[PDB]
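Colleague: Kindly return the folded structure for what I paste below:
(3 chains)
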Amino acid sequence: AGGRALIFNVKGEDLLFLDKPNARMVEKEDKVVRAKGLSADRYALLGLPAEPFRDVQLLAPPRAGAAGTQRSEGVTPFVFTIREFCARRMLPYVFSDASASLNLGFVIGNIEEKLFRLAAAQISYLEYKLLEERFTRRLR
Amino acid sequence: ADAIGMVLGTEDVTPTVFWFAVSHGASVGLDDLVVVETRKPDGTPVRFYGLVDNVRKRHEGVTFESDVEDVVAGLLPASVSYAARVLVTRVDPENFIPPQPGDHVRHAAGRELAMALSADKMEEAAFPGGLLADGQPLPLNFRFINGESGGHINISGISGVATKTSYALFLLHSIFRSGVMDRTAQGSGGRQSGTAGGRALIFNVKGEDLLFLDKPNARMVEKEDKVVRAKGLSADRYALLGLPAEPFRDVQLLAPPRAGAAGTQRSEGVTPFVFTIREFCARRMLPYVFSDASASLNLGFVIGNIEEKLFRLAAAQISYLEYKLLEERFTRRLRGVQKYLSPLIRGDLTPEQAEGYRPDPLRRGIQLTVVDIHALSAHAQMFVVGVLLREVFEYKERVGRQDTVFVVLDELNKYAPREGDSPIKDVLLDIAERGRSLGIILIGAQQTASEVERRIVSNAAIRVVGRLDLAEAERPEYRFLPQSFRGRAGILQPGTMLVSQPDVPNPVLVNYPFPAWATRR
Amino acid sequence: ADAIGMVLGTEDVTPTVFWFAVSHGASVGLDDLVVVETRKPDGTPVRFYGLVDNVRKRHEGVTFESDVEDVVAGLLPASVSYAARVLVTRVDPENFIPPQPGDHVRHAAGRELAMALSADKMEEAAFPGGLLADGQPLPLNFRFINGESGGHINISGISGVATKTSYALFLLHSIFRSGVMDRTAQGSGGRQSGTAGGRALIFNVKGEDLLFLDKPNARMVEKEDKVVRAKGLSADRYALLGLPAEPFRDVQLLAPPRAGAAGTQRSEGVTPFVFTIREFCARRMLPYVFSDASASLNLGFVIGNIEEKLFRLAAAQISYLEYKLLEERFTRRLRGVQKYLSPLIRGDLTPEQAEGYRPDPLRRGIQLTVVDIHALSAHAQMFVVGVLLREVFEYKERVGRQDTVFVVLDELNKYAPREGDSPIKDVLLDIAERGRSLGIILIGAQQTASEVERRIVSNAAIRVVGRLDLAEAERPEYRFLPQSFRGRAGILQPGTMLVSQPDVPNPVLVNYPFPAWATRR
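Modeller: Numbering: from 1, shown residues only, chains lettered A, B, ... in the order given. The relevant structure is shown in the block below.
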């Protein structure tokens, strides 16, 4: 029973304070239940205890961690690596668009085979190196 | 047998469809076959055979609805008017006249049942494969299942609740035990296929439920006895069908070597199957390793050329072949696919001097073969299926037909999808095209019958549907279902199917005897 | 022909369709054409020719739904009304005056039937191709079948239960034995066709059921008597139809030499055929070995380039040829097709000296030519038919028509599928577009009439459907069938077919008499 959940959000930070509980919705939940008419609390009726989510880690980029800390209690900052990104052989996600213009996908294929060979022989700096290597302008 | 009721006259009694009433007595359900006697004025009798599909009641004597409904319970003159519709199957003589409104209608249970289901037309080969509401087996034309007249089997329905794989095993059990092949063999007259060497090949991608096809089931004894007394029948359903309760005969369970060692979920009888690297290269059948459609770029070209170079080198003569590919060579995606198979495909390719580890189906003595590929991943499962189907197809092609072999594929949609353009799609397409001439027949299980190629479903002859989705009954692929059956399609509980045959104008219902082979644990 | 009823006036009696009530006595069934006579005010009588297409009976005199049937059976005065729909086909004079209600209606079988089936416009060429309900032979038009007015024969329906080939043989049997070839010969006036020497060609992909055409059948005598007595007829069907009951005049048989020795399944006189390899290259029939579309890549370019070089070599001057072709050289798929084709054809391509072993269709005196090619594979199935069709087509193109050649195909959907662009498909299209000018006439057999390419069935004159399935009963290609007949297509049984020909507005239901030539054993 090792169920693990990975959640992605793009709107406001109402989906931020999952760990902390709250009591202001208890009153309105008690208000709606008496108007509709039920035996007991909805959570108790369903059999699910009203305890909130178990204390779970939450992560934000380090630059946003300084700017936003909206929660300053605790956030684990995730940091990638330029070397480890190259070893993944998997760049094209920076081109999240359709990339159906000309041979942009082919060009990504050309550099990626070329790049990992340099990695196997072992972003501003990488962009400078990529620019110095040679649709190209739109790629850059 | 006393008549159930009387034929109505207020509604039209057109020979195609006619309403009829039921007198106070035996109840009338849906999809029950009845026969009515008609006496022409000249003197020649006529009989109409048909099945009911629409039934209704109406409260006559009350005008204002729900204002006197309670009054009828206490004190009011009111009664009921029970009626139903009949869709005629065929007429005993060849003439279309309306039945006379005022003659009795009775059920067909003896010989009259036989003409209703065209049993006289299919007499020598009457293969039972289903049971109606009462104790009457449903005859299936075996001449359509095999290549004598052509046809295949296509089972469709919603995945999960509708027991799809249970019907394929039941038909396989009934064919191999009712002696249908033995009967058709006689009167050969130098026929092309005059041997009762029927063999079945089946693949399981679900859990180990299908693996235990040898041991008999014990919980079925109490479960079957429970339903038979609740519904009410003379004896056990196996007794009504006319087949023994024993499980299948000798079966070989081919499994990958490493997975078999870690399996134990069976440990009594397992025989590993391994392909030799030298033979695999000599087999030339490389493109089955790329499970995806390979539509990106022109991967079809590079796959051919690398095999073109590889076959010539091997003819003149796991990860080792991959290592040599790097020295000699989108091409990196080809390596990426090969590397992914390495932890899973290694068991199927190991260089050893042992020879009796080839798959080699269709042995000297065998009836049903089970190949367990549950442990293999989706890409690995594609490679095993591709090789075995092509291998048996070529071996069966070199020699004459000389027997009949049935192959069962689960989840036919992902194996052969539309615009699949895959080396597995054409093998299934070729089986669906050259199957009748040879002794190979495809029994496929599909969920929607709308995401597979139209060529495969068109060549099928026997079609089975169970608990069809509401959104799928309106599709053009299910036009063979009349209007009165679309609404009831979703109502069908598990353990009940609609069986459709050529020479039967309308489909009818079938039931299930609970399987006697082991399925749990 | 006594009066059968009165023209009902309660419903609209517009000249297109009008109901009529049948009096007690002579019953009326579906597809029984009737004639109505009406007196115009001036004095000119008017007659209507039409066939019924809907019948119904109404128990007039009650109003409660299914509440008085028990009362009707026991004690109640009531009567039933027999009314039948009539749809007209043509009027006697060239005017549209609705019939006077209260007229007398009668079904006619004498001269009056001739105007019903448009027999006035076709007198010298009358062709009986079927029987009606009474002792009535339905006259087809031979002008449409041959090239006098252009047209082909198209037979469709569900394979198996519908005996398509049996009706096709009946048409061929009736053409030769009715003198229709002779009647058109008289009064030729120097026309292109002045010979009553019609020849036929037959293929058989199925078993040996199409071989004992010369041997008369004895079991047909007793089974014809049984069916004719139960139905009720004046005399035997063949005597009534005007066709002699003798079987086909003895015709030769062609099978590959190795298969002929292996099969025997007839050990009597069989003439084998062998194609010379030297003639094979000289006459340029290379691409027909590829029985597939070959759309992928440019294999067609490879075949054309190789064949052009091959023909030059043959002009300048089979297992070894494959080795020689492989020595010179898309490569393996070329070789792989030949390797598949080799085992069943290398016994048909041999270098020898005897020259009389050429199959030679359309010989000096011959009527039928059965080409026993059942044992060959699908790739070899499509090669032998293609080369044989090119041989007759070129001979009939170099020389004037001066004859009539009937070619009979079986299960034509896969021979010329849609968008296949196979080399054989080009041959079949050539026969369809330009077949009217020459003596070559196609009699095809199909399954759904939608898989076949549209131009094949576009020019077809006579269309025949038998037990059309519910799925394809509403496709656009089956729109010629009136919507009142789609409810009776499924009911149709073997031994009964629907025939539709130009100049007849509505389809007519016919039954074909049982064959006089044995098929089994």
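Colleague: CA only for contacts and neighbour counts going forward, please
Modeller: Fine.
Colleague: Could you list the alpha-carbon positions for the longest helix belonging to chain A in PDB?
Modeller: The longest helix of chain A (DSSP state H) is helix A:104-121. Provided in PDB are the C-alpha atoms of helix A:104-121 (Å, rounded to 0.1, in the frame of the first residue of the first chain):
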ATOM      1  CA  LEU A 104      13.700  21.600 -36.200                       C
ATOM      2  CA  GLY A 105      13.100  18.100 -34.800                       C
ATOM      3  CA  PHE A 106      15.800  16.800 -37.100                       C
ATOM      4  CA  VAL A 107      18.200  19.600 -36.000                       C
ATOM      5  CA  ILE A 108      17.500  18.700 -32.400                       C
ATOM      6  CA  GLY A 109      18.300  15.100 -33.300                       C
ATOM      7  CA  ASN A 110      21.600  16.200 -34.900                       C
ATOM      8  CA  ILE A 111      22.900  18.300 -31.900                       C
ATOM      9  CA  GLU A 112      21.700  15.800 -29.300                       C
ATOM     10  CA  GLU A 113      23.700  12.900 -30.800                       C
ATOM     11  CA  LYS A 114      26.600  15.400 -31.200                       C
ATOM     12  CA  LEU A 115      26.300  16.800 -27.700                       C
ATOM     13  CA  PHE A 116      26.200  13.500 -25.700                       C
ATOM     14  CA  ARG A 117      29.300  12.400 -27.600                       C
ATOM     15  CA  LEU A 118      31.000  15.400 -26.100                       C
ATOM     16  CA  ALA A 119      29.500  14.500 -22.800                       C
ATOM     17  CA  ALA A 120      30.600  10.800 -23.200                       C
ATOM     18  CA  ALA A 121      34.200  11.900 -24.000                       C
END
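Colleague: which strands and helices sit next to it?
Modeller: helix A:82-87 (3 or more Cα pairs under 8 Å, 6 or more residues apart in numbering or on different chains; DSSP states H and E).
Colleague: Which parts of chain A are strands?
Modeller: Remark: strands assigned in chain A by DSSP state E are A:59-60, A:76-77.
Colleague: Please identify the buried residues of the longest helix of chain A?
Modeller: A:104, A:108, A:109, A:112, A:115, A:116 (16 or more other Cα atoms under 10 Å in any protein chain shown).
Colleague: Mind putting those residues into a markdown table with distance to residue A:12?
Modeller: Shown next, in a markdown table, are these (distance: Cα to Cα, whole Å):
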| residue | distance to residue A:12 |
| --- | --- |
| A:104 | 35 |
| A:108 | 35 |
| A:109 | 37 |
| A:112 | 36 |
| A:115 | 38 |
| A:116 | 39 |
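Colleague: who in chain A is up against chain B?
Modeller: A:109, A:113 (Cα under 8 Å from any Cα of the partner chain).
Colleague: picking that back up, which stretch among the strands of chain A approaches chain C most closely?
Modeller: Minimum separation from chain C across the strands of chain A (Cα to the nearest Cα) falls at strand A:59-60, 51.3 Å.
Colleague: Give me the contact list for that closest one.
Modeller: A:75, A:76, A:77, A:78 (Cα atoms under 8 Å, 6 or more residues apart in numbering or on different chains).
Colleague: dump the residue contacts of the last one.
Modeller: So that's residue A:78. A:59, A:60, A:61, A:62.
Colleague: Relative to residue A:1, which of these is nearest.
Modeller: Using Cα to Cα, residue A:59 comes nearest to residue A:1 of the contacts of residue A:78, at 23.9 Å.
Colleague: what about that closest one, distance to residue B:359?
Modeller: 51 Å (Cα to Cα, to the nearest Å).
Colleague: For residue A:51, the count of nearby residues, please.
Modeller: 8 (other Cα atoms under 10 Å in any protein chain shown).
Colleague: give the contact list for it.
Modeller: residue A:21.
Colleague: Quick check: it vs chain C, distance?
Modeller: Distance, residue A:51 to chain C, using Cα to the nearest Cα, to the nearest Å: 58 Å.
Colleague: Backbone dihedrals for that residue, please?
Modeller: Backbone torsions of residue A:51, given as degrees, to the nearest 10, read phi -70, psi 140.
Colleague: Also the one 10 residues further on?
Modeller: The phi and psi values for residue A:61, taken as degrees, to the nearest 10, are phi -60, psi 150.
Colleague: where along chain A do the helices fall?
Modeller: Counting by DSSP H, the helices of chain A are A:24-36, A:42-46, A:62-68, A:82-87, A:104-121, A:124-133, A:136-139.
Colleague: Give me whichever of these is most buried.
Modeller: helix A:104-121 (a mean of 14; mean count of other Cα atoms under 10 Å in any protein chain shown).
Colleague: just to revisit the earlier point, ok, the buried residues of helix A:104-121 vs chain C, which is closest?
Modeller: Using Cα to the nearest Cα, the buried residues of helix A:104-121 come closest to chain C at residue A:109, 24.8 Å.
Colleague: Could you find the closest non-adjacent residue to the closest one?
Modeller: Spatial nearest neighbour of residue A:109, chain neighbours left out: residue B:330 (7.0 Å); criterion: Cα to Cα, 6 or more residues apart in numbering or on different chains.
Colleague: For residue A:69, the count of nearby residues, please.
Modeller: Using other Cα under 10 Å as the criterion, the residues surrounding residue A:69 number 13.
Colleague: scratch that, residue A:13 is what I was asking about
Modeller: Neighbour count for residue A:13, taken as other Cα under 10 Å: 10.
Colleague: Out of the contacts of strand A:59-60, give me the one that has the most neighbours.
Modeller: residue A:75 (15 neighbours).
Colleague: Quick check: that residue touching residue A:65?
Modeller: Yes. Here residue A:75 reaches residue A:65: they are 7.4 Å apart, a contact under Cα atoms under 8 Å.
Colleague: re the thing from before, report the two of the contacts of strand A:59-60 separated the most.
Modeller: A:75 and A:78 (9.4 Å).
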